[PDB]
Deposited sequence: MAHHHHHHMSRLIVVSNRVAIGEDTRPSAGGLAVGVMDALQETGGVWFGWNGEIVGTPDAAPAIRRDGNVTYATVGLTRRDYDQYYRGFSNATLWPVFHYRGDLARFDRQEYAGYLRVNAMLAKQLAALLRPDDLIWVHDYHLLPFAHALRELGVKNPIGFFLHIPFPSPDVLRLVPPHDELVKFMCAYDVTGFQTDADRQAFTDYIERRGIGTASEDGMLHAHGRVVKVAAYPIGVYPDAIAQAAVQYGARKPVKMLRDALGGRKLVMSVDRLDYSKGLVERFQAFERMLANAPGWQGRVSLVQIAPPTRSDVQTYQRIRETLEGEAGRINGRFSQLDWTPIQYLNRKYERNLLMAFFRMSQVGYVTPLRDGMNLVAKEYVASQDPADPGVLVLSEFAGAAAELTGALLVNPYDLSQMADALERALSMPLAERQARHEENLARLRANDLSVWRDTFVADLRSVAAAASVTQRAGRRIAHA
């Protein structure tokens, strides 16, 4: 069969290929194995001059084709247009966007540079699957090199409505790049419709009866493929890690007090000051909960200036809140800037009574799904979920909140902590059924099936 060629930010190396490490590898590895495929991308290293060609490593049936990045290439890929302009606008934080023509040129340049590195490895029937917004121009660069392969794109972050997308000055050129793919996939129907609205309402193209989009002289399959999880594997890990030292230490320190879990990387889409302040407001509104519940916020370390500014802000907010309420043997907010292995987080989730997942905007949010899947069905926790996370379209048993009303989040936390078992179980089973009906293999299998349909129609 035709090889699957995965193109992404970072090729998983070594221990990062274990399913317990999560990440893109667990999503694509079965398909790479089935097809004898190739995973192409960065090796995580900075090199003094550009690599002549990708380094080649084979593990069983899968080939890993990796390059280093020079300082300039790294800066143009990670510290330029994609994170200064695309990321904030697509997360509805365009007040933070800063467009720069030279950075945009560098974004195009590094994409063309990587496409040139990949093209020499391709067989004409390889199925190419490109992941996320740093690589949006990748198919277009391949088309300019004469690549006629099936190419698919999956966008892991939101796609904004046309009014918001236009905050990115080259929006029309970006949409042209997205039409260089044969398949363009999004997390949710709302993302898919935003892209379709841009094409249709600006007179760029039309939807045919089959649902395909005809735009920029090409025919594009446009669909939503919401990324799920493996709920049975998560539940098993949640159980298996319940006696590990970090879990026991938290269990012991809580002394039977209730636990709210929250896990986020530090960026301005997460609303973490709001997260802390709504927990503060809950304790002020219902002081009977003081001394009886703690919030644990975990942030894996990761823009050095943005990360450090948020971390200092949150350290100050946690310190202020704790100074207002803390008692003997009670810390209201435990803010941990640490990387725990995924399976430990699942054990933390299972122990907790509330999962507090309220980003201001999120393309999906896998923590919300992992939280549900970790719960003991005989005593399950309650998910409090932002309506602006993609997962909200699926997790209909969550307590949904608009994080722009701090009192809504405070009210939801109080309701979650007080919820009778029978309702917690009804909501849990409702969410778990949805997780089981759209597990991670659905994303992989349906997207690959659509790439194969391109090839079938091609022949």
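In sequence order, the gaps in C-alpha coverage of the deposited chain fall at 1-8, 311-312, 470-481.
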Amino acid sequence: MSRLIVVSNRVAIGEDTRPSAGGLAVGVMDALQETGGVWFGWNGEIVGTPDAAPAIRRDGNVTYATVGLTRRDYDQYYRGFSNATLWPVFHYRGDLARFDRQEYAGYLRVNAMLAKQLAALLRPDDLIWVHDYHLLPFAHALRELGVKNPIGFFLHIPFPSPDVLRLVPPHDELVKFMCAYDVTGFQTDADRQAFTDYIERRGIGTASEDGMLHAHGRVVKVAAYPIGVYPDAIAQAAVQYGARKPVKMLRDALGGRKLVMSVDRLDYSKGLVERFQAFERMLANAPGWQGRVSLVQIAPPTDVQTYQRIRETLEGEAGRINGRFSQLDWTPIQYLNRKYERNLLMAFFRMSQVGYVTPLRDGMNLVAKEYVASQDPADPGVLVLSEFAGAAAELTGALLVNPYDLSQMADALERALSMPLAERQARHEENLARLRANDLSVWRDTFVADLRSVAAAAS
From here on, numbers count along this sequence of modelled residues.
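Look at the C-alpha B-factors of 218-226 and of 345-353. On average they run higher in 218-226.
For the two regions 444-452 and 11-19, the entry's Cα B-factors average higher over 11-19. For the set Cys179, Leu142, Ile298, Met249, the PDB entry assigns the largest Cα B-factor to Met249. Reading the B-factor column for the CA atoms of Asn402, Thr396, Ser418, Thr49 in the entry, the top value corresponds to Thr49. For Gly242, the recorded CA B-factor ranks within the middle third of the chain. Only modelled residues enter the ranking. In the PDB entry, a CA B factor belonging to the lowest third of its chain's modelled residues is recorded for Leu435.
Sort the chain's modelled residues by C-alpha temperature factor and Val62 lands in the highest third, per the entry. Looking at the C-alpha B-factors along this chain, the one for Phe154 belongs to the lowest third. Among all modelled residues in this chain, the alpha-carbon of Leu167 has a temperature factor (C-alpha) in the middle third.
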